[PDB]
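Novice: This one's experimental. Sequence and coordinates below.
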Amino acid sequence: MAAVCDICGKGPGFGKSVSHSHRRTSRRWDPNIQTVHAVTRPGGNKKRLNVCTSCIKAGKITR
Amino acid sequence: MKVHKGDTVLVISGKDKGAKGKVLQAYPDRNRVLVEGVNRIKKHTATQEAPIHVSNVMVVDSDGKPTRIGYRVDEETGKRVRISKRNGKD
Amino acid sequence: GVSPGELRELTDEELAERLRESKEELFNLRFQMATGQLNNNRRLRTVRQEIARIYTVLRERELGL
Amino acid sequence: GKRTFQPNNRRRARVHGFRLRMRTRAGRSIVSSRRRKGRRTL
Amino acid sequence: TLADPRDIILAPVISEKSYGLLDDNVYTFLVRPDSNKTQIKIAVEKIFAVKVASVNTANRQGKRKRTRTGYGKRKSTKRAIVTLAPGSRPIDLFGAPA
RNA sequence: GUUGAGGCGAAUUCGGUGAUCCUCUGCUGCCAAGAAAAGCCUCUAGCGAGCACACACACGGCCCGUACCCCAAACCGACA
RNA sequence: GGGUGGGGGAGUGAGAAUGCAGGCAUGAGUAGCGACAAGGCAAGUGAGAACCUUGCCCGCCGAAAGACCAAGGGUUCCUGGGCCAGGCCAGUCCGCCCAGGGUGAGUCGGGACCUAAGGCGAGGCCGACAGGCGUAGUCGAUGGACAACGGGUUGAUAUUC
RNA sequence: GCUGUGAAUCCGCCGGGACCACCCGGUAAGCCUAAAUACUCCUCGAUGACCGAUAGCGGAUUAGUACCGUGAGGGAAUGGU
RNA sequence: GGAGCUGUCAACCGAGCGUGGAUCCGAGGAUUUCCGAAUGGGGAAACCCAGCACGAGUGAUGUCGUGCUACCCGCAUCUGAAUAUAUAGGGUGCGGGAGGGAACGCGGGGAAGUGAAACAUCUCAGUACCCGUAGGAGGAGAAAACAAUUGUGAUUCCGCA
């Protein structure tokens, strides 16, 4: 559930995890993608849409 | 080569220097020609004339001494006239 | 053999007829080749070239000419 | 028990055939290397 | 272009066997390795205006002849055996029994 | 029968023994409880005005392999 | 194609790296010459024969050293011809070389009919991307379906003509 | 760049090396933009104080051939009348 | 352009052509089997089997020849279910894409060996390699920038510092 935001192109970040000893390793910062249904008009079909939370705050907000 | 089968040449170098005769055949890329009565080879079955390289001969002007082949402007509906120096004629 | 211009003066049916004739010619000649009953080998080349001339005349005949 | 190799061209084609090379992205890159070197391919 | 059956038959096969096959008007020809028995019957019957009883086809591979370093290979020409029916007209391959 | 080819060509009846095959995709028995689909037959929905069956004549019936070895000298083992 | 001389510039000097490539030696005309089935004789071919050929004896496997299919090999089959090289020797002959010829299918085993295990797998799900799994559909035999048996012939092919 | 909170429209905002004040510079969160620049499989022409067939690319010769390897790949030697 | 050609490898034969302009060199054009992104479907690539339309052929099935039919994205456009609008989907039509390409560039990903005479931090390196994706060059760019009062006034690249 870290798929690229369907309506933005927001992908995951890649980078390092600085441990106590400064030892670097590889990690990923997936965006907080939640599952919502897609509605284009009142009473819509409710398809599906993997969307970022910033758009849940403003944009393709259905339910 | 500027010479073809109908020309008569003089051998200007080689062991046959001084010989004259008619051109019988030419092999352009090799630049070698057959000339009647020049380089004889005493081998027949199992005095055969051998090809000689063009630079060892010079085209005779048919009016005296050897000459150099030159070109001029004539065209006349696609017809390159071949002349020479010292009163050129053909 | 037949000059291209002479081929160009022909309309359609003369072209098809001459075509058929030349194909029959190759049909016979290569049989003579198979059996060895033929000296004039270059005739094959002549006929093949004639056929090619026919086809190119046909394409230019339909298309831009 | 005492054997080494028992050829079967059908299997060789289905396993090492260039058709199978075409199946993948990796296989295609193999073939393209062979073209440049100048070899007859599988 | 269209309607050209003469390009299918390329030649008659000259061998002792093809000589022996002359009996009952059976003739062996080399063919283009693309055609089939039906084109062969159609072409022969049309070209020679005769009745063909049946045709038995075969393919044949060439011989891998050796060179100074490597190997070559001759063409693997397809051929066909044409059996003419009783009562049809015999055809004359230019007087060439084989 | 230059021993390559070719021609003539009789009797062919009873019995015994006996299969790893057929009868058997069968029967009997055991538990480990023992493959799909097409094809075939049949039923309706559907097509339904020209068709269904018998006789003969006439047709056509596709493409690769089909040569040569198969516990070996020809495949795999670097070789016969 | 090089000498003398003044200058410039070096892949510049081989005696060894159990060095590399090539060629040639000692060992040495030694070992070995490839199942514990066995050859022999006469005539003949031939410049030449224990080894090829034609005859006649002898001996051996015979549930394999016989005869047929697949897989595989991919002209090694036949005819004619040669014997520098190859064959663990010679070797007129050969599965070595050259030229030429030879493989015939409605019914045999496959595609024209489907299908199992299983692979591809649009659509679609998931996955940063590449990509992974998988439905439909379609492929995939050693399986299931499907119509042929005997005899003769050529140098060779045969349920094929 | 990621996650939560979440400003302003010129008396604003950002920056000037934590940071505050003063001063100064400039107005982000839309787009396009040639030149100077990098490289030569490949095509003409030219040079070379570079080799001249055990060197030069491995390939002057049937060359990425023969051959080795199921395969990815490895990878020869032979010029001169 | 011009008098000799029928390419070369390896060149012995045979048969022809050539002043009417051959052969040959350069451009344009037609044709261009089969495979391959491979695109009608399938598939051991160079194989197999089909559908539609026009046309050829048979006494008549067979057969043949030429075009067309992959998928996806976008655009136009018809219908637009499940349920009522309506949409997803479906249908028709029109454009584009995939794959190659020696090197160079951009964005994203991302080791070890080694060094540190051990070694993790660090380095080697944001290299090797990979993915995306173009171009002829690209990228970047027209100040919410520098300096700190001489003030300059888009970017890039070389040399100094």
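Specialist: Everything's here; your move. Residues are numbered from 1 along each chain as shown, chains lettered A, B, ... in the order given.
Novice: now the residue of chain E found nearest chain C, what's its secondary structure?
Specialist: Nearest residue of chain E to chain C (C-beta to the nearest C-beta) works out as residue E:11 at 3.9 Å. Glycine gets a C-beta too; all of them are placed from N, C-alpha and C. At residue E:11 the chain is in strand, as set by DSSP: H, G, I helix; E, B strand; the rest coil.
Novice: secondary structure element for the residue in chain C that RNA strand I sits nearest to?
Specialist: Nearest residue of chain C to RNA strand I, counting by C-beta to the nearest atom of the strand: residue C:59, 3.5 Å away. According to DSSP states H and E, residue C:59 maps onto helix C:42-62.
Novice: got the contact list for that helix?
Specialist: C:1-2, C:4, C:7-8, C:15, C:18-19, C:22-23, C:25-26, C:29-30, C:33, E:1 (C-beta atoms under 8 Å, 6 or more residues apart in numbering or on different chains).
Novice: repeat that with 7 Å
Specialist: With C-beta atoms under 7 Å, 6 or more residues apart in numbering or on different chains as the test, helix C:42-62 has contacts from C:1, C:2, C:4, C:7, C:8, C:15, C:18, C:19, C:22, C:25, C:26, C:29.
Novice: I figured the residue of chain E closest to chain C was touching residue C:28, is that so?
Specialist: No: with contact defined as C-beta atoms under 7 Å, residue E:11 does not count as touching residue C:28 (11.0 Å).
Novice: quick one: which of the two has more around it?
Specialist: Per other C-beta atoms under 10 Å in any protein chain shown, whichever of residue E:11 and residue C:28 has more neighbours is residue E:11, with 19 against 12.
Novice: where do the helices sit along chain A?
Specialist: For chain A, applying DSSP state H gives helices covering A:53-57.
Novice: How about the residues of it by chain E?
Specialist: Taking C-beta under 7 Å from any C-beta of the partner chain, no part of chain A reaches chain E.
Novice: so how far is residue B:87 from the residue of chain B found nearest RNA strand I?
Specialist: Closest residue of chain B to RNA strand I, C-beta to the nearest atom of the strand: residue B:4 (3.1 Å). Distance of residue B:4 to residue B:87, given as C-beta to C-beta, to the nearest Å: 21 Å.
Novice: Tell me which residues touch the residue sitting nearest the centre point of chain B, please.
Specialist: Geometric centre of chain B, nearest residue: residue B:9, 4.3 Å, by C-alpha atoms, centre = their mean. By C-beta under 7 Å, 6+ apart, the residues touching residue B:9 are B:3, B:23, B:35, B:57, B:58, B:59, B:60.
Novice: Could you say which helix or strand holds it?
Specialist: Element membership for residue B:9, per DSSP H and E: strand B:8-11.
Novice: Going toward the C-terminus from that strand, what's the next helix or strand?
Specialist: Helices and strands here follow DSSP H and E; after strand B:8-11, the next one along the chain is strand B:20-27.
Novice: So in that sheet, which strands flank that following strand, and in what orientation?
Specialist: Under the criterion DSSP bridges, strand B:20-27 sits next to strand B:8-11 (antiparallel), strand B:32-35 (antiparallel) in its sheet.
Novice: okay, the ones you listed in a markdown table with distance to RNA strand H next?
Specialist: Converted to a markdown table, those look like this (distance: least, C-beta to the nearest atom of the strand, whole Å):
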| stretch | distance to RNA strand H |
| --- | --- |
| strand B:8-11 | 24 |
| strand B:32-35 | 15 |
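Novice: Longest helix in chain D, by number of residues?
Specialist: Counting by DSSP H, the longest helix found in chain D is helix D:25-37.
Novice: what does that one contact?
Specialist: Helix D:25-37 has contacts (C-beta under 7 Å, 6+ apart) with D:18, D:20, D:21, D:22, D:41.
Novice: can that helix be found next to RNA strand H?
Specialist: Yes: for helix D:25-37 and RNA strand H, the contact criterion (C-beta under 7 Å from any atom of the strand) is met by D:30, D:33, D:34, D:37.
Novice: now could you export just the CA positions of that helix as PDB?
Specialist: C-alpha atoms of helix D:25-37 as PDB (Å, rounded to 0.1, in the frame of the first residue of the first chain):
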ATOM      1  CA  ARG D  25      14.300  -8.600 -21.000                       C
ATOM      2  CA  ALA D  26      17.500 -10.200 -19.800                       C
ATOM      3  CA  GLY D  27      17.500 -12.700 -22.600                       C
ATOM      4  CA  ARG D  28      17.200  -9.900 -25.200                       C
ATOM      5  CA  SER D  29      20.300  -8.200 -23.900                       C
ATOM      6  CA  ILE D  30      22.200 -11.500 -24.200                       C
ATOM      7  CA  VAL D  31      21.200 -11.700 -27.900                       C
ATOM      8  CA  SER D  32      22.200  -8.200 -28.600                       C
ATOM      9  CA  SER D  33      25.600  -8.800 -27.300                       C
ATOM     10  CA  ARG D  34      26.000 -11.800 -29.600                       C
ATOM     11  CA  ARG D  35      25.000  -9.700 -32.600                       C
ATOM     12  CA  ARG D  36      27.800  -7.200 -32.000                       C
ATOM     13  CA  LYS D  37      30.400  -9.800 -31.500                       C
END
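Novice: Could you give me the buried positions within the helix holding residue C:59?
Specialist: Within helix C:42-62, the residues that count as buried by 16 or more other C-beta atoms under 10 Å in any protein chain shown are C:44, C:47, C:50, C:53, C:54, C:57, C:58.
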